[PDB]
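Chains: A, B, C, D, E and F, in written order; residue numbering restarts at 1 for each.
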Amino acid sequence: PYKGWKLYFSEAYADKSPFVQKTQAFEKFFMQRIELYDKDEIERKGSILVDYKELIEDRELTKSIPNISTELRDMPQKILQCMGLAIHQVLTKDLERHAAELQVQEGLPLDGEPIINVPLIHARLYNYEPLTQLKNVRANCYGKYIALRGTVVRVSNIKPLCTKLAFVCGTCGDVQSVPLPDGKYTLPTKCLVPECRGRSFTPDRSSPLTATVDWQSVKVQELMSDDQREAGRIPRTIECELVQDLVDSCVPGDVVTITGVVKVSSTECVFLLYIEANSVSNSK
Amino acid sequence: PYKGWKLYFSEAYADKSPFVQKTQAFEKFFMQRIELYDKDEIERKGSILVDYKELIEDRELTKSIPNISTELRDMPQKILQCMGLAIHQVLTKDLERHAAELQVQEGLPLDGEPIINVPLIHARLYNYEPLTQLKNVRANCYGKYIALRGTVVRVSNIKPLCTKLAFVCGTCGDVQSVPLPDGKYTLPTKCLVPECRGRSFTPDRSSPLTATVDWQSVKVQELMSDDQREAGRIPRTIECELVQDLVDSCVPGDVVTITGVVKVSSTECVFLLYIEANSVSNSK
Amino acid sequence: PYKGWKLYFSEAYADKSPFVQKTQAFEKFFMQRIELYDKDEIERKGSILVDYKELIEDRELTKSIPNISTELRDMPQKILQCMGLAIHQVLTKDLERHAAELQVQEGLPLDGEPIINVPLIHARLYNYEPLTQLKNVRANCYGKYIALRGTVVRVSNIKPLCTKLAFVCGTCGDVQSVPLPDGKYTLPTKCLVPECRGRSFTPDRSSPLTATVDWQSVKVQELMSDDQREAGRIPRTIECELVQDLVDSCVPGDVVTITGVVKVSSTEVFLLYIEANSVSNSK
Amino acid sequence: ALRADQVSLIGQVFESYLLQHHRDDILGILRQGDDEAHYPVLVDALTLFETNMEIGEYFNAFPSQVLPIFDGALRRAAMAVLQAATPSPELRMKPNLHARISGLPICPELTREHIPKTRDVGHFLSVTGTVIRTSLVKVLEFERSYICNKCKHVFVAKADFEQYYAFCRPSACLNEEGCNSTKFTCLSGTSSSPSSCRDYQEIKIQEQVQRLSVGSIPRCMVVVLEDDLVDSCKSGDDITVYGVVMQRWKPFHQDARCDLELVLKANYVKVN
Amino acid sequence: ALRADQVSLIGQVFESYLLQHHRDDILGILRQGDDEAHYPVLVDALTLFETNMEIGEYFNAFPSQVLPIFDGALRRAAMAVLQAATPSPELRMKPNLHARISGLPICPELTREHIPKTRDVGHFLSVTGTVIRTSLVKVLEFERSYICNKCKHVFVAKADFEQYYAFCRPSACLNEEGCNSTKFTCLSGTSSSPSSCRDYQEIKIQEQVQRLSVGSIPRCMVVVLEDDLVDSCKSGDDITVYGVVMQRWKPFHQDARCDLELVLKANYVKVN
Amino acid sequence: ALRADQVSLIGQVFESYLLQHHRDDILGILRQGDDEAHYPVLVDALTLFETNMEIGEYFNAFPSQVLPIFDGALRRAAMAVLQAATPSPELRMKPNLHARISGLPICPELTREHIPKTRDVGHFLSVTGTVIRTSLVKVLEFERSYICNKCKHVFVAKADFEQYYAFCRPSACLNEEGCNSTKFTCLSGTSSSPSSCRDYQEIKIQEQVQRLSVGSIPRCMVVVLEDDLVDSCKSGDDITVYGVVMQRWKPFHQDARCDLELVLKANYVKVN
């Protein structure tokens, strides 16, 4: 029906919806830059890195979205999701146009990749200009996009995380997949058929619907100058949660500018902030 | 009714009860002795120290009650609370004459301190003549008043203890305070309202009715003769519980003659004797 | 009739069942050999040591039961129970013959201890020819009888084990004891009373019906050659349960050929632990 | 126990004093961009008490009730100072405002320089102790409200420090929510705004051994830090803590004795 | 179902014996006014056995049953000595009378010098072992008192040595109406005032190495001391713990193995 | 998912390949006396793939489903080899037959030396890692027959690899008649003798640091060995693990996040 309606359109298309305008602005920005990036490399990595200094651009790119920094700060997850929709849609339209061109060239109804199924891309942005160190990091910046400059001290070995868990209900008899934010498995509750309501709550790992993305934990401490003896005090360390392509990007002993949305850790005085990394830029 | 009756005794004021005669005898004894003691200092400390040798004085106190030592041994708490009622009542009646004279001179309808509430004072006696060393202390000493010539080794920092935890009932809608011996909340059960009866049980420390008295735990061990190397072995360490003014009176490394009633350490290896200290007399 | 089978349970001994015929074969074998063993010494020990090598002999020993090694491997518990039943029966019948002689001598039909209850003695087999090393020991060996030549490293102090736990039901008001395999108490469930049917489940130890046997846990490691430096690696060890007379027979630092039944240790994913049948010392 | 009219009087007096006193300070507070940030106003205790004695005695009697009234006075004083100020984009209103009490009237009775005893619960006094243990910045979501499906019900669950900073649990089914009440609502997961989380720190301060009041062993006082006061102090320095003495009690049990430890929810921390 | 006739015979014969030999010891016991120490009477085993053959076999067969009857015989013997004695207030009666049986005839069958195995449960025997670890003196409770408002409850349950010192409550009460509530919890019941709390010192004794009965590693027997016997044992000295061998079993769990370890409720720990 | 006809085709071609190639190995397998023992057939991947291209793609797509069909082909080939062999007592049938696939065709996508990432779950590959820890040989109660109040309940529960070896439960409740059938009574728990095990074990293989693919810290992969593969590897030995990558998830809790780690059920362990 609509572009990316299955996953990204949780809400149906609405011209009044502010989300649509952000999607159009981001997809236009990408469409200017499609020639530079490599489509196959992006699909292989499953993500795209876009410089934030290029994101903050005059005239049309800032006309559609008046305050890009404010919008990214207030709702980092929403803006990143809209940017991912924009990149996924521009890649889909590029593949559609390329398939049409291939059909024109060969002159045959059959074409390569008939399904034209585009895997999900998590758009990522780096070189975020406003940067906050441990002193600026506090509970106020919860749910706000921040940029750090701190070396990683401890790196966890790669571990999986269940981003989507399929739930099969005995009364329903069919599997239901629910989006899962950073684990913490959520009850599906309502189901498709009104009468059954999905009363049974059974996890099902066997289903292909259940998808898994790797989770890597790295702890970063902001750089502390050694010019003074008072300087060099033990620095605060904030945990970093990485996902998908970002895993293995960090290497211990290397300063990384981890610019991403930050969230509290329920498991862990009951919570403590960790930045759910959106992009990691290596020193080299 | 006698002022301060409810704070010391839950059971109502009844002249037929034998405790009344003990209270009157102690009131007379304090009346002879009230000149030496300072009323304001006693009120500030919340305690009074009376030498046991004064308790063993012949004639009247021996005639009024036959066996002070036996009554202290069998029921320490009842005799101690009777003595505290006596000191409270004699202080109240002295203040009553003073307020009566002051009212005579001033002729003011609202007298100074019209509520005239006198804080309850836990009467405490020192130099208890029968000494029961901790080695002599048997399990039958529970509920008995003993005196220990022991050296404190470990002094815990001052920790609050809830002597009264007012319980508000949601069904009733009112707040009722229950006497709380060393925690272990006692269900108020029946209340003033007959029908509601207090079905709900919700603790409420925010209420002013809830009161707290500090609790400092000190462990004492008997000094042992150093004639032989095999001698001088540290005897069993018996815990000691201080409360109210007694807290911070003990200092580690100092011998203290702790004369107090003993209870069982149900809170726990599993059970030890701890003396709920009544009076602690330092070496100096 | 036979004591302890028809009295406890309505079902009688079935000659059709091959287990009963196995008991007959073993009791005949003990009958021909009973001269060497001592009755009172065996009763004092509470068990009889019968050679597996002697039992593996041909002719009537193999004629009575075709595959003695295969039967003993497949269901060691049933074979050992039948063997102990046979030795118990032959000892009882020997004492009955002696009591008959005593009655003839005295001339009084009444005799001391007419009930003549005789303790149950577990039959024990040593020198088990098929030997399984600890490397060979696998989940396939579970439920089978193995013989291992290993040196015990750790011997736990003697600890009681409730082989029989009496149970009294509040509604019923009577006490019955249920057999208990290596602790892990099984609820009595049904009882004699039909209507009450034992709905109340109360474990008690004060009852004399409750019985207890020794349980000494010894851990054995297989003896390793010192020929090569590759040899000397950490040895495989399986826990060994010693019960009844077997306790204190093991001593730390000694090599013992523990020919015992192996079962799973549910407490600690399971690890095979050999419920020892017979422990033969080096000497 | 404060009456509504009395609360209004205290708030009005505090507003007038802080407007006449910290006009430049409140303007500078409104200067910064980050509205979510915590802001100290640093109103002096002794001069405020000289201005009106009733507010002083009420502050001494019930600090835990007076301070929210001071926060409301901050809110409306900020209203007035912003409407007075010319530039709107440069000067933004700060809903996150907290009153800081400093310069307490130096009296042995009014200010307990020693570590407080249990007699000092619900009393404002100036503990002077040297930090020994500095816990990390463990933020806490004080409000874990379970929003009702029906409109205007707005069920709210708030963490209380007396209850060992444990969130209130809606075990009772008095509300129409019933089982829906006790089940968790992932307000924090959906967005930042539904979750009201601001930071929480614990530091233990022992009385200075130089002072004659201290005993044989320096008694340790645990201090709960909040808002901007977090990270204001580091281990190993002389610290003066102006705060409200409070007691926290762990979820209590029938057999267990009550386990209370006195805490000082700091109202102002000054590094000496 | 115990016969009353045999109990009465054992009690009367034992009390007559102890009167005609241990009279002066009972005079000394009552003469000491203090109740601080539980008072032992120390009746010798072999002379008691030779005086009456029935007592010997009953005591060896059922020591845990005989010893309470011996305490009752002590109560009647104390009645007799009190009425016999001339001065009433100098010597007073003591409910806490306990019979300690020592001087057992040294025989391999009578006295199992080696630490008992599971064959020796419920048999009185000498365990000559050197104490290694001494636990702290404990109050415990003779019973977690069952307080019932309903009259003539006449239900008595006591802390069982066999059940790891855990209070036992039968499923159905003896009375026809039964208990008002299945479990009754009261402050008096939780407190040890209604119960006869006694010292409890749990020591572990190992075999003497010089003895031939010891193995490669000395076996260890855990010994429970009660009443006066607590504090009689000191670590590092040889102890001849005449006692009744029993079995403690921890609360059973269906998957878990029945966990029972041998114990010895001491009768008189004579220190060599 | 595989269809029945596809299963039949794959099994038939696998049986034909083993009959034409590994027949002598099957003879050697049935020659051994111990029937309960586990036996490797050692089928080679590249030859099997070049014989039939459908087998290659289907095995690479769904190893976990293909391997049981391979075991069924083992059983049929064992039927054929048993009827082929003249001596009956010498050649005994082996119910415990498990296919071993070795020598994958050299392809970076099919076989990748690196420790698998979460993308590699459900795919067959060669994971070359040096064993660091060798956990003890802990056999698994893989199957426990469950009978309940329901007539002929005969419920069969298999310890699932993805479930951290917790017994599987029906998604749709068949025990509608009573709660007794809903609850599970462990037959193995009551009596030790009746059970069955597959010789479970765990080793962790750490990627060789000398290789270019490995990162700064060599990643470790935990390997689950089942049946005869146990005791085939030792710590500190260069080990190549051809296996099927799956993931275990610990029992979930509402507050707790999904706790998973990649695991590798080895299909062949070869000492380099």
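Everything below uses one rule, namely that contacts are C-beta pairs under 8 Å (C-beta built on N, C-alpha and C of every residue); 3 or more make two chains touch, one makes a residue touch a chain.
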When the contact pairs of A-F are compared by residue number, which of B-D, A-D or B-E has over half in common? B-D
Quick check: more C-beta contact pairs in B-D or B-E? B-D
For chain C versus chain F, what separation do you get between their C-alpha means, in angstrom? 37
Calculate how many whole Å lie between the centre of chain B and the centre of chain C, each centre taken as the average of the chain's C-alpha atoms. 66
Please tell me the distance, in whole Å, between the geometric centres of chain A and chain C computed from their C-alpha atoms. 66
Can you list the residues of chain E that touch 2 or more other chains? 190, 254-255
Listed in rising order, chain A residues that touch 2 or more other chains are 184
Every pair of chains that touch: which are they? A-D, A-F, B-D, B-E, C-E, C-F, E-F
Residue numbers on chain B that touch chain D, as the complex places them: 155, 157-162, 165, 170, 180, 182-185, 203, 205-206, 208, 212-214, 247-248, 251-253, 266-267
Chain E residues touching chain C - in the complex, by the definition given at the top: 117-118, 121, 162-163, 170-172, 215-217, 219-220, 247, 249, 252, 254-262
Contacts from chain B onto chain E in the complex sit at residues 132, 135-136, 138-143, 184, 186, 236, 264-266, 269-273
Quick one: in the complex, what on chain F touches chain E? 186, 189
Provide the residue numbers of chain E that touch chain F in the complex, in ascending order. 254-255
